[PDB]
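Working notes for the structure below.
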Amino acid sequence: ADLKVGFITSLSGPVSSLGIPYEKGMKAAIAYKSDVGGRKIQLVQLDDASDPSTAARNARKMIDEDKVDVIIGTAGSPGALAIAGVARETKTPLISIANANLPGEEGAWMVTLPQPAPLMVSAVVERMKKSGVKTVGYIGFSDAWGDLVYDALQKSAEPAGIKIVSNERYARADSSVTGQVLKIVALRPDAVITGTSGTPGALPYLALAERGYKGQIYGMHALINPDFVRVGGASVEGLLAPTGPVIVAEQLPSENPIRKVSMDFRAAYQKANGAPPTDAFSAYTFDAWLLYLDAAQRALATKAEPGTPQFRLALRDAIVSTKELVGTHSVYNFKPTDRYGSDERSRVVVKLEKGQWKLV
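Using PDB author numbering, read the sequence shown as starting at 28 and increasing by one per residue.
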């Protein structure tokens, strides 16, 4: 009989601008393949309105009523963590497409697809190494994302002998960052990296250029989007950042196995949505589908019947032991005790040139 899969994203509320791409990634996925071992897949979708309490109610309804075997996770981290808790309580695996870190047994029934920030930071620290960087200044948000980037910068740069000379912060809604950037320029670091996201992430770069900074400028994958690019304008020219390789698949060498899968994704996204994709979030949903397709195939070989707790366990067990699954964002290798499955193949460094991201 058929195979039921749950899909929760945000089509309303403050993370709809990510839940909409996520859904487009699900249409691509369906266009690429919609059966496992000859068995059609029935998708059960609900909208969490960017609300975590609603995401958890949605999950319970899919699990208790529709009897889905798995859920492919939602557009924000709060909602993803909410589903993760229902995932554990109901013994139903979750494939999270948002960066959700729930370590230990509490997260035994989830995996997290997006690359963890330290793996992304290490990529641009490696670029600093070959670029002659001996001093780096940091400026980032005064929240958990700013903290995480700076902590990963400490743990990656200091072992490699790069001195961090500034740790300035600012709030997301701040209009000015002049004071902080004045202190950074005075230290004359060889490079400045920021720990930011969205169009507020452009503020420090605009300040550095008005202040006349002629060093290298770095930033995170959260800055890879056309809105940041045009707000940054000339001030972000030459910006170095890590990215999941799908963004620049057409530039990848042929030995990079992510090029072929990324190209399959672009064609399937083209077929279902009418235009080629340019965002990272649709690609995460694709990878989640690829992971489910592969893990389902293996769980079906165990003779456990879909729609039963036993198959839910088989599917979880297959997901969290996946080996060498080539996706658009990573080559996924999962172990039961770790929520993440990305390694150094999960990211490349790009440079912003004439408004385009170029593989370095």
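Ideal Cβ placement from N, Cα and C applies to all residues, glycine included.
Could you give the distance in angstroms between the alpha-carbon of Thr-139 and the alpha-carbon of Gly-368?
-> Numbered from 1 along the sequence shown, position 112 holds the residue referred to as residue 139. Numbered from 1 along the sequence shown, position 341 holds the residue referred to as residue 368. Approximately 8 Å, taken between the alpha carbons.
Kindly indicate which three-state DSSP category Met-247 falls into: helix, strand or coil?
-> For the purposes of this step, residue 247 is taken as the residue at position 220 of the sequence shown. DSSP places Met-247 outside both helix and strand once states are collapsed to three, so it counts as coil.
Between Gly-242 and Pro-216, what straight-line distance do the alpha-carbon atoms span, to the nearest angstrom?
-> Within the sequence shown, residue 242 is the residue found at index 215, counting from 1. Within the sequence shown, residue 216 is the residue found at index 189, counting from 1. Put simply, the backbone Cα of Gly-242 is about 7 Å away from that of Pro-216.
Rounded to a whole number of angstroms, what is the C-alpha to C-alpha distance between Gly-52 and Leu-146?
-> Here residue 52 refers to the residue found at position 25 of the sequence shown. Here residue 146 refers to the residue found at position 119 of the sequence shown. Those two C-alpha atoms are separated by around 24 Å.
In angstroms with no decimal places, state the Cα-to-Cα distance between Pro-269 and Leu-129.
-> Reading the sequence shown from its first residue, position 242 is the one you call residue 269. Reading the sequence shown from its first residue, position 102 is the one you call residue 129. Straight-line Cα distance between these residues: approximately 24 Å.
Beta-carbon spacing of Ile-285, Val-353 below 8 Å = Reading the sequence shown from its first residue, position 258 is the one you call residue 285. Reading the sequence shown from its first residue, position 326 is the one you call residue 353. Contact flag set, yes.
May I ask you to report which of helix, strand or coil DSSP gives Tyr-59?
-> Taking the first residue of the sequence shown as position 1, residue 59 is located at position 32. If DSSP states are grouped into helix, strand and coil, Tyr-59 belongs with the helices.
How is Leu-235 classed by DSSP in three states: helix, strand or coil?
-> Along the sequence shown, read from residue 1 onward, the residue named residue 235 stands at position 208. It is helical.
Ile-90 and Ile-122 closer than 8 Å at C-beta = Taking the first residue of the sequence shown as position 1, residue 90 is located at position 63. Taking the first residue of the sequence shown as position 1, residue 122 is located at position 95. For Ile-90 and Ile-122, no; Cβs fall outside 8 Å.
Can you grab the Cα-Cα spacing for the pair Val-192 / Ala-234, in whole Å?
-> Mapped onto the sequence shown, residue 192 falls at position 165. Mapped onto the sequence shown, residue 234 falls at position 207. For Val-192 and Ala-234, the distance between alpha carbons rounds to 18 Å.
Could you tell me whether the Cβ atoms of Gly-167 and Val-176 are closer together than 8 Å?
-> Looking up residue 167 in the sequence shown gives position 140. Looking up residue 176 in the sequence shown gives position 149. Contact: yes.
What does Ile-98 pair with, by DSSP beta-bridge criteria?
-> As a working mapping, residue 98 is identified with position 71 in the sequence shown. In the DSSP output, where bridge partners are listed per residue, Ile-98 has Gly-33 and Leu-121.
Compute the beta-carbon to beta-carbon distance between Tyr-232 and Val-263, rounded to the nearest angstrom, for a pair I have assumed lies under 8 Å.
-> Along the sequence shown, read from residue 1 onward, the residue named residue 232 stands at position 205. Along the sequence shown, read from residue 1 onward, the residue named residue 263 stands at position 236. The Cβ separation is near 5 Å, so the contact holds.
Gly-271 beta carbon less than 8 Å from that of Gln-383 | Here residue 383 is taken as the residue at index 356 of the sequence shown, counted from 1. Here residue 271 is taken as the residue at index 244 of the sequence shown, counted from 1. Result no, Cβ atoms of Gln-383 and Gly-271 do not sit closer than 8 Å.
For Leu-214, is the classification buried or exposed, using 16 other Cβ atoms within 10 angstroms of its Cβ as the cut-off for buried?
-> On the sequence shown, residue 214 is found 187 positions in, with the first residue counted as 1. Exposed is the call here.
Could you name the residues of the same chain whose beta carbon sits closer than 8 Å to that of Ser-348, not counting the 5 residues immediately before and after it, in chain order?
-> Reading the sequence shown from its first residue, position 321 is the one you call residue 348. Hits under 8 Å: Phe-361, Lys-362 and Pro-363.
Alpha helix (DSSP H) runs contained entirely in the region 242-290, provided each spans 4 or more residues | 253-259
Considering only the beta carbon of each residue, do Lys-118 and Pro-336 sit closer than 8 Å?
-> Counting from 1 along the sequence shown, the entry for residue 118 is found at position 91. Counting from 1 along the sequence shown, the entry for residue 336 is found at position 309. A distance below 8 Å separates the beta carbons of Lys-118 and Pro-336.
Tell me, please, whether the region 242-261 touches the region 191-206 by the rule of three or more beta-carbon pairs shorter than 8 Å.
-> no
What is the rounded straight-line gap between the Cα of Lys-378 and the Cα of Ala-323?
-> For the purposes of this step, residue 378 is taken as residue 351 along the sequence shown, with counting starting at 1. For the purposes of this step, residue 323 is taken as residue 296 along the sequence shown, with counting starting at 1. Cα-Cα distance, rounded: 38 Å.
Run of the beta strand (DSSP E) containing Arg-339, from where it starts to where it stops = Taking the sequence shown and counting its residues from 1, the one referred to as residue 339 is at position 312. Element bounds for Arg-339: not the beta strand (DSSP E) but the alpha helix (DSSP H), 336-346.
Output the distance between the C-alpha atoms of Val-219 and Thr-162, rounded to the nearest integer angstrom.
-> Within the sequence shown, numbered from 1, the residue matching residue 219 stands at position 192. Within the sequence shown, numbered from 1, the residue matching residue 162 stands at position 135. Straight-line Cα distance between these residues: approximately 9 Å.
Can you give me the Cβ contacts of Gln-207 inside the same chain, cut-off strictly under 7 Å, excluding the 5 residues immediately before and after it?
-> Translated into the one-based positions of the sequence shown, residue 207 becomes position 180. Here the set comprises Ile-166, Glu-195 and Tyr-197.
Thinking C-beta only, is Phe-313 closer than 8 Å to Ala-55?
-> For the purposes of this step, residue 55 is taken as the residue at position 28 of the sequence shown. For the purposes of this step, residue 313 is taken as the residue at position 286 of the sequence shown. The beta carbons of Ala-55 and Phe-313 sit closer together than 8 Å.
Hey, would you say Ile-124 sits closer than 8 Å to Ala-83, going by beta carbons?
-> One-based indexing of the sequence shown puts residue 124 at position 97. One-based indexing of the sequence shown puts residue 83 at position 56. No, Cβ-Cβ distance for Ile-124 and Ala-83 is not below 8 Å.
Report all residues from its chain with a CB closer than 6 Å to the CB of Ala-299; omit the five preceding and five following residues, and keep chain order.
-> Locating residue 299 in the sequence shown gives position 272, counting from the first residue. Short of 6 Å from the beta carbon of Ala-299, and not among the five residues preceding or following it, lie these beta carbons of its own chain, in chain order: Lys-54, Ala-55 and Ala-58.
DSSP-derived helix/strand/coil call for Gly-103 | As a first step, residue 103 is located in the sequence shown; it is residue number 76 there, counting from the start. Reduced to three states, the DSSP call for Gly-103 is coil.
Do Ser-224 and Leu-250 have their C-beta atoms closer together than 8 Å?
-> By one-based count along the sequence shown, residue 224 stands at place 197. By one-based count along the sequence shown, residue 250 stands at place 223. In this structure, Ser-224 sits near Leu-250, with a CB-CB distance shorter than 8 Å.
Would a C-beta distance cut-off of 8 Å place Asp-306 and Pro-41 closer than the cut-off?
-> Working through the sequence shown from its first residue, we reach residue 306 at position 279. Working through the sequence shown from its first residue, we reach residue 41 at position 14. Their beta carbons are not under 8 Å apart, which means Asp-306 does not touch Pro-41 by this criterion.
Within 10 angstroms of the Cβ of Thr-205, are there 16 or more other Cβ atoms? Answer buried if so, exposed if not.
-> Along the sequence shown, one-based indexing puts residue 205 at 178. That one is exposed.
Check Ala-198 in the structure and name its three-state DSSP category.
-> Locating residue 198 in the sequence shown gives position 171, where the first residue counts as 1. Taken through DSSP and simplified to helix, strand or coil, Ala-198 comes out as coil.
Roughly how many angstroms lie between the CA atoms of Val-258 and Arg-366, to the nearest whole one?
-> Taking the first residue of the sequence shown as position 1, residue 258 is located at position 231. Taking the first residue of the sequence shown as position 1, residue 366 is located at position 339. Between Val-258 and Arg-366, the C-alpha separation is close to 35 Å.
For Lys-161, the three-state DSSP class (helix, strand or coil) = By one-based count along the sequence shown, residue 161 stands at place 134. DSSP places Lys-161 in coil when its eight states are reduced to three.
Along the chain, where does the alpha helix (DSSP H) that runs through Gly-222 open and close?
-> Taking the sequence shown and counting its residues from 1, the one referred to as residue 222 is at position 195. Counting along the chain, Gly-222 falls outside any alpha helix (DSSP H), though it belongs to the beta strand (DSSP E) covering 218-222.
Collapsed DSSP secondary structure at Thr-81 in the structure displayed | For the purposes of this step, residue 81 is taken as the residue at position 54 of the sequence shown. DSSP places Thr-81 in helix when its eight states are reduced to three.
Out of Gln-69, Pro-105 and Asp-93, which has the shortest C-alpha to C-alpha gap to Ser-80?
-> Here residue 80 corresponds to residue number 53 of the sequence shown, with the count starting at 1. Among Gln-69, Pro-105 and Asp-93, the Cα nearest to that of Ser-80 is on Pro-105.
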